[PDB]
Ligand SMILES: Nc1ncnc2c1ncn2[C@@H]1O[C@H](COP(=O)(O)OP(=O)(O)O)[C@@H](O)[C@H]1O
Ligand SMILES: Nc1ncnc2c1ncn2[C@@H]1O[C@H](COP(=O)(O)OP(=O)(O)O)[C@@H](O)[C@H]1O
């Protein structure tokens, strides 16, 4: 997570790009109660963007690259 | 789940924009929960969700046919 | 009255360069038959013509042919100032060009044919910008004077050199002069338009008045209101009718992410506005670039705020230039921006009333022959919530839909245009009905029974709208609040819609528990927003439902929900009758439990009408069954009396359920209404109302009747 | 097309295309892939995009009946 605009999703984007590059690999997302927080008045919609970026970067997993 | 009512409002706006359509609400009990009395923040959110759904479904005339 | 200004009349002398005055006008102002006179009309235009004694003219107004009349942008029955100019003298050269559509077809020597005999030996007094007409060769060509050497106006003696060219530019530069907006294109904003008009034109027409009174005029107008009202149209009309330069600055356009670039753009815009002429600056959407310097986090917004405060006030800040703003919420502006010298005048351009909406309808349907039997009263009474920018889209959609529905059989100009299709064109009433279809649909007929309740509601709603002058003669304010109570499924919402539908008011129907929130202040903010949207468009009837769920007769609960109920009740008590002006607000309540209402909203002045809506009898259910089956194909063999006799305490919701089951059986038999559908639907009744609640409502009505005691005919 | 308008010459290209289409005949202009020229004006941060969007706005509005 970063305080700037776009970097908080670009970090997940290039981490998953590094995961897709060195196939196979294992991405251990430790303590998912801070990334995949329940939605439930907010701070602007940054955790929702993080969850949406993780969902659209985790849905493009076919039989290839086997992460 | 004001944003929790705005979600149902613009979902039904997307429904009425592309008329005709079918809005398949899966697992209805989780949304409605028979508002009744719960007396909490979850109860208030449930009552506001149920009132939004009722006031955005009863306003459907013979036009727009959702 | 100085006799030097005259009206435009029809022309006897068919010549181009000529006007006709009467002889009693000649002795009233020394001029002659050969005298060349300068005509200066509206739109800051001019022309030169020959005066000639005309007996028929009658001194008061002058005869001028349609060509002169056109160059001055006037009509038959418009005033013009006439004055002689002999300072003008014979031309050195002239620059005329034919307008394209008047020469489509022919070619060759236009000079020898048209221009040569037209100017010959007449020494016509022409002008730059003039468009004259020459008839010959079985057609009439129109040339426009593009240039003369001897100033703006000159004469065409035989020695004068006439230069015509064959690829000229004409017509397009004139229309964009006539297409300009004006004071005749503004409707409903009469008093604020006149105030803005005088505060702009009184420095510009004559600064000697402000020199004699010894004070400087205001140089700032802050316009606020709903989006789509006509504020930038009014600003453009004032900037077009006066010799200013309308420069448009947008809010989110000028703002950027580069440091020191948006302030440079604002400085460049102010230098361009101060460089050429005394102009009018219109900065649109100023609330986006005025974040009040404390709620924002960005430095660039405070920097452009400081740039605006520096450019508006300071050492040699403004030299004869006025700025205009536009916003939706005027509270999110700086107190230094809303100061004297920057935005010293705040103008409320709100939603217009019925006569202003009719004026907008009249000025928006001016350039089209619509019909003969279209009445604008229904169009001004049914569109009760139109801001003004939707009326033009309404007329455009109707004019598009009429040609769309009138082109399915007639061809679409694929081979040749037709002569009889353009005749008898225009929109009708059903086109406007389809445009309104593209906010409830009742008119005093869908409700059944309750004749004295309908009469009382019709009186106490329709009377303060129709006769304000008689109430100012009597000097009293009318009543506002009506409260309904009784069993559910009785017709309170239908009665509210039926009493709302005949006035030119809006309808804001909000629900009880659809405003309460878990946050702090959200329900009272929603109540204040509802009342602000109600009183922001007069008149407006408010339909508050579930008063037993809203009020709860606050008392003492000792909890967070109880304190929220106390704050909601106090906010409603303040918004209904508090520190307000109560212009036009019709609060109408509808509950099913009047015992749980606090004795402060039932106080007179807020909800004084304690009207009870009882259950209908059989003679009332006959009217309900006749009112629900208005447009339905009926059978002569059905008896609605036999249906109403077997009810014995049903409700309007149950009767609507019976009608809906009959319509479902009719569409099942289809995929008129028959009697066996009603015979099989009468068995599956509901009767959702029990018996003890009727006893409770009757006891409450008897207690309300017994509270009215020691009251009689009351002889004085 | 969209991104073939750049090289203060994008405004000159827009004015050139509009005056060429207005000068010859009553005709039709095809602007393919408008999402490059119009960046929705809120998520963008450039200045020549704002200038070319303002130019397209004041050139599309300045079309008369003739
Ligand atoms: N008082 C009025 N008279 C005539 N037309 C109006 C009036 N008010 C608004 N309109 C129409 O509404 C449209 C939008 O108004 P305009 O002032 O241009 O922008 P805004 O939407 O900011 O008010 C205009 O095209 C104009 O024709
Ligand atoms: N007098 C009446 N005439 C015609 N229809 C009625 C009458 N009374 C009730 N109805 C019908 O019953 C329904 C009652 O709905 P609503 O007004 O929302 O509930 P309530 O009557 O409890 O306020 C309406 O849809 C209306 O069509």
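Following Swiss-Prot, chain C shows residues 31-468, 481-713, 752-796, kept in their order.
Placed from the backbone N, Cα and C atoms, the Cβ positions cover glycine too.
Copied over from Swiss-Prot:
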- C:257, C:258, C:259, C:260, C:261, C:262, C:263, C:358, C:394: ATP 1 binding site (BINDING)
- C:531, C:532, C:533, C:534, C:535, C:536: ATP 2 binding site (BINDING)
- C:305: ubiquitin cross-link (CROSSLNK)
- C:322: ubiquitin cross-link (CROSSLNK)
- C:346: ubiquitin cross-link (CROSSLNK)
- C:522: ubiquitin cross-link (CROSSLNK)
- C:539: ubiquitin cross-link (CROSSLNK)
- C:594: ubiquitin cross-link (CROSSLNK)
- C:673: ubiquitin cross-link (CROSSLNK)
- C:519: phosphoserine (MOD_RES)
- C:770: phosphoserine (MOD_RES)
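Annotated features, which come from Swiss-Prot, shown on the structure.
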residue: C:257; record: ATP 1 binding site; DSSP class: coil
residue: C:305; record: ubiquitin cross-link; DSSP class: helix
residue: C:322; record: ubiquitin cross-link; DSSP class: coil
residue: C:346; record: ubiquitin cross-link; DSSP class: coil
residue: C:522; record: ubiquitin cross-link; DSSP class: coil
residue: C:533; record: ATP 2 binding site; DSSP class: coil
residue: C:539; record: ubiquitin cross-link; DSSP class: helix
residue: C:594; record: ubiquitin cross-link; DSSP class: coil
residue: C:673; record: ubiquitin cross-link; DSSP class: coil
C:259, C:263, C:519, C:522, C:539: which of these recorded positions put a Cβ within less than 6 Å of any ligand 1 atom?
C:259, C:263
Those recorded sites listed as C:322, C:594, and which of them has the most Cβ atoms within 10 Å of its own Cβ:
C:594
Which chain-mates of residue C:536 (ATP 2 binding site) that are at least 6 residues away have a CB under 8 A from its CB, listed by sequence?
C:484, C:488, C:489, C:694
Give the subset of the recorded positions C:263, C:305, C:522, C:531, C:534, C:594 lying near ligand 2, defined as CB under 6 A from any of its atoms.
C:531, C:534
Starting from the Cβ centroid of C:531, C:532, C:533, C:534, C:535, C:536, the recorded ATP 2 site, name every other residue in that chain with its Cβ within 8 Å, sequence order please.
C:530, C:537, C:632, C:655, C:694
Return only the integer: C-alpha distance in Å from residue C:263 (ATP 1 binding site) to residue C:531 (ATP 2 binding site).
49
Among all protein chains shown, how many Cβ atoms are found within 10 Å of the Cβ of residue C:533 (ATP 2 binding site), not counting that one?
24
Mind giving me a neighbour count for residue C:394 (ATP 1 binding site)? Other Cβ atoms within 10 Å of its Cβ, every protein chain shown.
18
Drop a 10 Å sphere on every Cβ of the recorded sites C:305, C:539 and tell me which sphere holds the fewest other Cβ atoms.
C:305
Please identify, among the binding-site residues C:259, C:533, C:534, the one with the smallest Cα-Cα distance to residue C:519 (phosphoserine).
C:534
Greatest inter-residue Cα distance in Å for the ATP 1-binding set C:257, C:258, C:259, C:260, C:261, C:262, C:263, C:358, C:394:
25
Going by Cα-Cα distance, which of the recorded positions (C:257, C:305, C:322, C:531, C:770) sits nearest to residue C:539 (ubiquitin cross-link)?
C:531
